[PDB]
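For reference, the chains in residue letters:
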Amino acid sequence: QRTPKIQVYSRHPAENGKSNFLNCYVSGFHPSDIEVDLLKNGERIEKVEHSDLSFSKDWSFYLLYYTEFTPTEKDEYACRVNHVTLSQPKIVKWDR
Amino acid sequence: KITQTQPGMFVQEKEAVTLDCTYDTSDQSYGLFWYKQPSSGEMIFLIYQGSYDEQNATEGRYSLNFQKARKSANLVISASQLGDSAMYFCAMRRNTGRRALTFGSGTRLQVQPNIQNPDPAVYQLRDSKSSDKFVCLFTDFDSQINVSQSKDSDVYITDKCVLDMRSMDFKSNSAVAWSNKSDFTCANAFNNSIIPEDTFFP
Amino acid sequence: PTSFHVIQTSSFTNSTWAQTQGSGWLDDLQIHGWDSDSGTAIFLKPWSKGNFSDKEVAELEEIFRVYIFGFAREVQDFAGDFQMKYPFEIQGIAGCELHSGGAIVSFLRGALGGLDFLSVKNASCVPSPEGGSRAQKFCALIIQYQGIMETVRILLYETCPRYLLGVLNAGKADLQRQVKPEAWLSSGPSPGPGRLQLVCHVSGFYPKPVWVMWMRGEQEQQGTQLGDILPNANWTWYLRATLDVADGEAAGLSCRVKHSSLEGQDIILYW
Amino acid sequence: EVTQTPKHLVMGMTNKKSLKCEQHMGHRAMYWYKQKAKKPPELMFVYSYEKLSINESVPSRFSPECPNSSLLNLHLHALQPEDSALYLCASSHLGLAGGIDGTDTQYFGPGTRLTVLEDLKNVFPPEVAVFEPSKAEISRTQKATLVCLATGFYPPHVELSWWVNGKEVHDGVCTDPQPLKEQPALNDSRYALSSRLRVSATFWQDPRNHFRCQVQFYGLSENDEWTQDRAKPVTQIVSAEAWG
Ligand SMILES: CCCCCCCCCCCCCCC[C@@H](O)[C@@H](CCCCCCCCCCCCCC)C(=O)OC[C@H]1O[C@H](O[C@H]2O[C@H](CO)[C@@H](O)[C@H](O)[C@H]2O)[C@H](O)[C@@H](O)[C@@H]1O
Ligand SMILES: *[C@@H]1O[C@H](CO)[C@@H](O)[C@H](O)[C@H]1NC(C)=O
Ligand SMILES: *[C@@H]1O[C@H](CO)[C@@H](O)[C@H](O)[C@H]1NC(C)=O
Ligand SMILES: *[C@@H]1O[C@H](CO)[C@@H](O)[C@H](O)[C@H]1NC(C)=O
C-alpha cells in the first residue's frame, strides 16, 4: 500500500488567453485502481486524456492526465485523485 | 513450408516403406507430427518427435528417421498391413510459430497384397431383376498389373481394389466395369488396359 | 540505457473476474499499446516495427495474444493451491537492455502485490525471497514445463536483442533529435518569516539528461532542490528547480540550464 | 474423442445452417480446418480459452462461436459454390494444463462434407442394383462374388453396406474409396459407386440366404424448399436384394 503522490503543472508558462497543456502526474501508488479528474473551478473537465499504465522498478505505478486549456485570471484548475489508500479524495490546486 | 515431394508410394504386404518429408525451416525448437487420413476422411494422429529429443521416436509399428542436420524425418512403417493404405501428412509445429499445425502436401500409400496363385479372368455378372442390364468383373489377377480407365467417355471402369476374406484367409484384386452402349462387351472392355495373356474368358 | 521492455499488469478481483493490460516501451516512450479486448497490438510510432518483417511481427503478436488470453485463467486455476487471497495484482516486466559497449543483457521480472516474486537468469528459477515459500513453489512447477521455458529463452536471448537493434537503428531520427528547452522563473511561498522560494522551470527538452543549477554569478550556490524530472506529453520533459532564500539576497541570482540541445550555449535566467 | 455433427450437409445459396463441434476432454484450444479436394487441410480459425485467436482471412459468411468451453459452433449463411469442401474440427491442450509433455497434439473430429449448390435441381437419389455371381466364377474358384452398383447419385455422399441374413457384415467386403464420375468434364456430373462381396460357393448356392446391399444417401433436409414433380430427394436408404 502506497499513497499516490500528485504533481500538477503546465507545459508552457502561465499566460492569459493562450492555449496551454495542463498536466496532473500521479506516481508511486499501489494497487493500480485509481480515479483522477481535472477540475475547472470545481466542475469536471471531461476532455482529459491519460497515458497507458506503467510502473517503475519498485512496481509502483504512475500515470499522467493532460488536457488542452486556456488560462485566464478568473478560472481555477486542480486535480482530484481518489484511491483505496486515501479515505477521502485529495485535491491539488494548480499554482501560477 | 513442408515438402513431401512424393506423388504416391507402393509397397507389398508385410514389408517396410519409408515415407519422406523434408522441411526447410531454419529455426530450432520445433515439433514434428505425422497424421494418417484414411479414405473415410478423419485424421488419425500417428507419432510425434520433438526437435531436441535426441532420439528417433518409435511408437507401435511406426518408427522415425529424424535427422536434424539434414532437415529430414522420414516416417518408417514396419510390417505394413492392408489397413495402412491412406493419406499420410507430415505436419510441423514450431515453438515460436503458428500455434497450429501446418500440413505438407501428403503422400498416398497403397499397400498391395501378395497374390500366391494368380488366375486372371473376366466373369460376366447378370442383374438380379432385369437380365438385360449386366456388368462384368476382371478379378484374381496379380498385384503388379494395373488397370486404366477407357479412352471412351461412356464406359465406366472402377479402380483396382483389394478384397480380403478372414474366413479362409484369402486376398484377391478385382475390378468391375459396366456401360450402357449396346456394342460394349467385356470381350474387349479392358482393351485399353494391359491384360495377362492367360486371362480366362467365359 | 535504451532498455526496450514490455510490461503487463493483471488485476484479479474474484474467482471469475480479472483484467489484464500490457504495453511495450522503448525507454519511457510507449511504442506498443495492447487492445486486450480483441487481443491486438497498436504500433504508436512509424518505426515501431524496427527492421522486423510483418510476418514475424504477426507471429509475435499472436504469441502475446495467446499468453494474454490464458494467463488470467491459469492463475485462477492455480490460486486454490497457492492460497491466493482475493483481490490481488500481478505485475511483470521483460525485455532487453543495451549497455554501453554493445553488450545486450536480457531480463525478466515478476511481482505479486507489489513485492518481487521471481526473475530469470540463464533461463532458470530465481525465486525472490520476498515472494517467500510460495514463490519457490511456483517456479518449481514452472521448471517442469520445458516448452514454456524454451519459448521464454528464445524470446529473451534470441529475439529481443535483434528487435532492440532494429528499433534503435530504424528510429534513429526520432531517438537522437534535440529540442531546445524553454525556461522561466516564478516565486513560491516558503516557510519562515522573511523568507521566499525561487522556482526555475525548464520544460520541453529532450533527451532526458539536463543540468540545472541556481547560481549567484559563478559562486555555485547550494541549497538547490531538483525535483523529479516529470514527464510531459509530446515526448518532452519538465523540471522545476527550487531554492529557498530569505528576502534581500534575491539580487545577483540566476538559474543556469545546460542541455545537449544547447551545444554549450547555456541558458541564464536572472532574478 | 471429438464429435462434429452433422456429418453431411447439402446447402443452397440462401439457407442458413450450423456446424457443431463438441469435445468433453476439456482441452482448452479448439481449431477449425478446411480441406479441399485432394489437398492438405488449411487452418481457418483457432479458439484459445474460448476466445478467437487466429483468423486466417476467412470471409465473413462463416461466423464461428464458442459459447461453452467444451463447444464450438460455426454458423454459415449465403455461401458460394466454391465453398464446398470438408470441414474438420480439432482440439488440443494448451499451456499449464497439458502436463509436462508440451507436445500439444491436435485431435481431429469426423469432418463434415459440406457441398453447397447454386441449383437444388441437381441433387438426385441413388439407384442401386445387385448382380448375382456368374456360373464361371463358382465353377473354377469355388467362390461367389456379389457386386452391388449404386449409380446416378449426387452429391457424392453415400455409405454403402452389405447385409447378409439381416445382419451387417464386414468380412469379404470391398468398396471403392471414391465414387466415379458418370460424365467426366462436366461440373454437374452424376456419380456412380460400386462394391463387391465374396463368399463361399456353398453360401451363395443355398436358396435360403438373403443378400441386401444398402446405400445410405445424405441429401436434402425435410425443411428445404422443393418445387419439382420428382419426389423430394430427402436423405433415405436405398436397397437391393438377392437370393441363392
Ligand atoms: C519481440 C519482443 C521481445 C519481448 C520479449 C518478452 C520476453 C518474455 C515473453 C514471454 C511471454 C510468455 C510466452 C509463453 C506463453 C505462450 O507461449 C503459451 C500460451 C499459454 C500460456 C498460459 C500460462 C502462462 C504461464 C506463465 C508463463 C511465463 C512465466 C515466466 C516463467 C519464469 C504457449 O505458447 O503454449 C503453447 C505451447 O507452447 C509449447 O509448445 C510448442 O513447443 C513444443 C515443442 O517445443 C511443440 O511440441 C508444440 O507443438 C509447440 O506448440 C509448449 O511446449 C506447450 O506446453 C504449450 O502448450
Ligand atoms: C536415428 O536418427 C539418427 C539421427 O540422424 C540417424 O542418423 C539414424 O540413421 C536414425 N536411425 C534409423 C534406424 O533410422
Ligand atoms: C503399375 O503401377 C505401379 C504403381 O505406380 C507402377 O510401379 C508399375 O510400373 C505399373 N505397371 C504397369 C505395367 O503399368
Ligand atoms: C476474419 O477476417 C475477415 C477479413 O475481412 C473478416 O471479414 C471476417 O469477419 C473475420 N472473421 C471473424 C470471425 O472475425
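Residues numbered from 1 in each chain as written, not as in the entry; some residues may be left out. Chains lettered and ligands numbered in written order. Heavy atoms only, no water. Residues with missing side-chain atoms left out of burial classes, pairs and counts.

Before going further, it helps to examine the overall build of chain C. From N to C terminus, chain C includes four helices and 15 strands. Whereas a compact globule of 271 residues would reach a radius of gyration of roughly 18 Å, chain C reaches 24 Å, over 25% beyond that. Taken along the three principal axes of its C-alpha coordinates, chain C extends 70 × 45 × 35 Å. Considering only contacts within chain C whose residues lie at least 6 apart along the sequence, 54% involve residues at least 24 apart. (Helix = DSSP H or I, 4+ residues; strand = E, 2+ residues; numbered from the N terminus. Rg over C-alpha atoms; globule rule 2.2 N^0.38 Å. Contact = heavy atoms within 4.5 Å.)

Residue and element names in this part refer to chain C. Spatially, the three strands line up as an open sheet ordered β10-β14-β15, and their pairing is antiparallel. Because the sheet does not close on itself, it has two edges, and the strands there are β10 (211-215) and β15 (267-270). The average undirected angle you get between the axes of adjacent strands in this sheet is 15°. Judged from the five bridges that link them, β10 and strand β14 (residues 254-258) form a sheet pairing that is antiparallel. Across the sheet, the residue bridging to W214 is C255, located in β14. (Pairing = 2+ DSSP bridges. Axes fitted to C-alpha atoms, helices over the stretch in contact; angles between N-to-C directions.)

Let's shift gears to the site of ligand 1. Close to ligand 1 lie 28 residues, the nearest being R93(B), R99(B), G102(D), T103(D) and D104(D). Those residues lying near ligand 1 are distributed over chains B, C and D. The separation between an oxygen atom of ligand 1 and a polar side-chain atom of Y48(B) is 3.3 Å. Surface burial for ligand 1 is 93%, taken as the share of its 1,300 Å² of free accessible area covered by protein chains. When residues of the shell around ligand 1 are traced back to their parent elements, those giving at least two are β9 (87-94) of chain B together with α1 (54-82) and α3 (146-170) of chain C. For the shell around ligand 1, the residue count by class is 16 nonpolar, seven polar and five charged. (Near = heavy atom within 4 Å. Polar contact = N/O pair within 3.5 Å; in protein donor to acceptor, adjacent residues only side chain to side chain. Areas by Shrake-Rupley, 256 points an atom, 1.4 Å probe, with all protein chains shown as cover. Nonpolar A, V, L, I, M, F, W, Y, C, P; charged D, E, K, R; others polar.)

A word on the interface of chain C and chain D. Listed by partner, the interface residues are twelve residues for chain C and 13 residues for chain D. Viewed at the interface, chain D and chain C are joined by two salt bridges. We note a salt bridge from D77(C) to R28(D), for which the minimum N-O separation is 3.0 Å. Scanning the region where chain C abuts chain D turns up five residue pairs in polar contact. Every element with two or more residues in the side of chain C that touches chain D is listed here: α1 and α2 (132-144) of chain C. Among the elements that line the side of chain C that touches chain D, the one with the most residues is α1(C), at nine residues. In terms of residue class, the side of chain C that touches chain D is built from five nonpolar, two polar and five charged. (Salt bridge = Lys/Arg side-chain N within 4 Å of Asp/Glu carboxyl O.)

Before going further, it helps to examine the arrangement of the chains. Where four pairs of chains are in contact, the pair with the most contacts is made of chains B and D. These two, chain A and chain B, are apart from each other, with no contact and a minimum C-alpha gap of 27 Å.

Turning next to the pairing of strand β8 (residues 72-77) of chain B. All names here are of chain B. Across the six residues that make up β8, a large majority, five, are buried. Here strand β3 (residues 17-19) pairs with β8 via three bridges, running antiparallel. Residue pairing in the sheet places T18 in a bridge with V76 of β8. Two elements, strand β7 (residues 62-67) and β8, share six bridges in a ladder whose sense is antiparallel. The residue bridging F66 from the neighbouring strand is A73, located in β8. Between the end of β7 and the start of β8, which pair antiparallel, lie four residues, with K71 showing a positive phi angle near 60°. (Buried < 20%, exposed > 50% of the residue type's maximum accessible area, 1.4 Å probe, protein only.)

All names here are of chain D. With antiparallel pairing, four strands are arranged side by side in an open sheet as β1-β3-β8-β7. In this open sheet, the two strands that pair with only one neighbour each are β1 (2-3) and β7 (63-65). Pairing of strand β3 (residues 16-23) with strand β8 (residues 71-77) involves seven bridges; the strand directions are antiparallel. Considered in β8, the bridge of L19 is made with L74.

Here we come to the domain arrangement of chain C. Residues and elements named next belong to chain C. Split by domain assignment, chain C resolves into domain 1 (3-175) and domain 2 (182-270). A separation of 38 Å is found between the C-alpha centroids of domain 1 and domain 2. Domain 1 puts four residues into the contact, and the matching count from domain 2 is four residues. Of the roughly 370 Å² buried where domain 1 meets domain 2, counting both sides, 62% is carbon and sulfur surface. Of all residues in domain 1, the largest losses of buried area upon contact with domain 2 belong to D28, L29 and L175, amounting jointly to 80% of the total for that side. Our count for the contact surface shared by domain 1 and domain 2 stands at zero salt bridges. Where domain 1 meets domain 2, there are one residue pair in polar contact. Each residue belonging to the side of domain 1 that touches domain 2 can be placed in one class, and the counts come to two nonpolar, no polar and two charged. (Domains from an automatic or database assignment. Buried area = accessible area lost by both parts, 1.4 Å probe.)

Summed over all chains, the structure comprises 42 aromatic pairs over all chains. Look at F33(B) and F45(B): their rings are 6.0 Å apart centre to centre, the planes differ by 55°, and that puts the pair in the tilted class. Of the two residues, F33(B) is situated in strand β5 (residues 30-37) and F45(B) in strand β6 (residues 44-50); the sequence distance between them amounts to twelve residues. Pairing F62(D) with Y87(D) gives two aromatic rings, centres 6.0 Å apart and planes at 45°, and the pair type is tilted. With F62(D) in the loop between β6 (51-55) and β7 and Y87(D) in strand β9 (residues 85-92), the pair connects residues that are 25 residues apart, well separated along the chain. Taken as a pair, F62(D) and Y87(D) share a single burial class, namely buried. Each member of the aromatic cluster is reached from another via a ring pair, and the members are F33(B), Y35(B), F45(B), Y48(B), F89(B), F103(B), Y33(D) and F108(D). (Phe/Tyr/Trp six-rings, centres within 6.5 Å; stacked < 30°, edge-to-face > 60°.)

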